[PDB]
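Given next, in structure tokens, is a single chain: the form deposited in one PDB entry.
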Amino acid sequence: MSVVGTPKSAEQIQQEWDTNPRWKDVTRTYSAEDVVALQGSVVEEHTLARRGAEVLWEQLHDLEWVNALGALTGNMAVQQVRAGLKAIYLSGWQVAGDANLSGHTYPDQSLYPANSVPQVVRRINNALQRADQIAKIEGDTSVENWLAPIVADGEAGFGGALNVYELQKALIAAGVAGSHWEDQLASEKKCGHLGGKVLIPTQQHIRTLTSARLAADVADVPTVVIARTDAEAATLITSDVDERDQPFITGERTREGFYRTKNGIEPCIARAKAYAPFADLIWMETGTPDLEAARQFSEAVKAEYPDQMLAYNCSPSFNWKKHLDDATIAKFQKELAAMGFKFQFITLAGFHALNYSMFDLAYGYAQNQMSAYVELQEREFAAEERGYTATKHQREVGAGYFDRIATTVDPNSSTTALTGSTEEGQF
């Protein structure tokens, strides 16, 4: 007795893959019965993972494109949604630099503990849930969906296929909507715009993508799976065993045993085609934001997979006005969307906004003390016309929500917070 969490049958899963348009052109090299064999006798429901992934998939098909900014704190995601954005990007670079479970500042080389990104996903969802709870008790209808989908960095999976599986499962438990996975050797992982990258064989990354899909299937959620290739700049590969990689092997070896390979858009197109049956979106890391190179990649991939959606990193590692003029910057995302780049994001937006704004404030305070803080406060007061609410800082973090819990439990409590506050009297 008790049927809570009973797993679906293999036939139900198979019928869903056979008939739901979500799974059009999605290859699974394992079976529905393989999935059920791994589920035990109770499947935990992952509400935020399910809802986020369904919302993301529909926005990728209903909006001209979905764009996002890198968030590394929960308040930062709340402001992104308040300001109108409809998805959140969770950067692994930013987690390494300023939000991972070791407590350390790291460059983007897979140095932090592998459950760090799941913990930030959970944090972001907690923060959006609080904003949603506050808005409900305030009757604030100005944001349609506080639970914007989160797209998170799975890096190179922190090891083998089993590490990929466990990371994807942990991201789902935390409520992620989509995750991306790149074809680098995890032990030598680099930021796509850092040097010295080592690729893994094409088939090994297909194994990674298959493992990420399997973890989503076993968890019963339709997570958006994104394949990333680092072959534009990488000049090293671990092995020449894969026949699709051999055209680019030069035969030269390094002291460590790696193989030198010829980099460029050509191996990226070849890998993207190989990954397409296994990814919902395909992403080419690139050293410069270049509309023409984007079109060449876009058109080469859609020659084979006309419906394949693409993702694009508008990266802060680029110096945007020493390779482009203002008119191209202003149309950049709109043109990319027309080539099929349906998910576009600024990875390190949060790092730069956080670091610049604290430097600016702290430098003024160093010279002029309170005059510098009053400047920022006036800018916040101004931003209230645009919908900024964090000026009322007590309600922003839920003081009114917890007052409501308190008076629900005890309508006659003499210790409520907002009653008799300096926010109630000066703001």
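Residues that one form lacks are left out of the comparison. One rule holds for the numbers: they count along the sequence shown, beginning at 1. Heads up, when I say rigid core I mean the largest set of C-alphas that superpose within 1.5 Å between the two forms.
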- Comparing 338-346 with 287-295, where is the mean C-alpha B-factor higher? 287-295
- Query: Higher mean Cα B-factor in the deposited model: 136-144 or 117-125?
  - Reply: 136-144
- Using the temperature factors in the entry, find which of 36, 397, 43, 376 has the highest value at its Cα atom. 376
- Item | Which of 60, 383, 362, 53 ranks first by CA B-factor in the deposited coordinates | 383
- Message: Quick check on the deposited entry: does the C-alpha B-factor of residue 104 sit in the lowest, middle or highest third of its chain?
- Response: lowest
- Note on the structure: Of the three thirds of the chain ranked by Cα temperature factor, residue 333 occupies the highest
- Task: Determine, from the deposited record, the chain-internal third of the Cα B-factor for residue 30: lowest, middle or highest.
- Result: middle
- Query: With respect to C-alpha B-factor, does residue 89 fall in the lowest, middle or highest third of the chain as deposited?
  - Reply: lowest
- B-factor third for the C-alpha atom of residue 260 within its chain: lowest
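Beyond the structure shown, there is the form deposited in another entry, which is absent from this document and is the topic of what follows.
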- Message: Quick check on the comparison between this form and the one not shown: with the core aligned, only one of 180, 271, 190, 213 should show a Cα shift of at least 2 Å. Which one is it?
- Response: 190
- Message: Once you overlay the rigid core, does the Cα of residue 21 travel 2 Å or further between this form and the one not shown?
- Response: no
- Do you see a C-alpha shift of 2 Å or more at residue 408 between this form and the one not shown, with the core held fixed? no
- Query: Which way does the C-alpha gap of residue 239 and residue 194 go in the other form, closer or farther, given it changes by 3 angstroms or more?
  - Reply: closer
- Note on the structure: Per the comparison in the other form, the residue 191 and residue 251 C-alpha atoms (change 3 Å or more) are positioned closer
- Message: Once the rigid core is fitted, tell me which blocks of three or more consecutive residues have Cα atoms all displaced by 2 Å or more between this form and the one not shown.
- Response: 186-195, 411-418
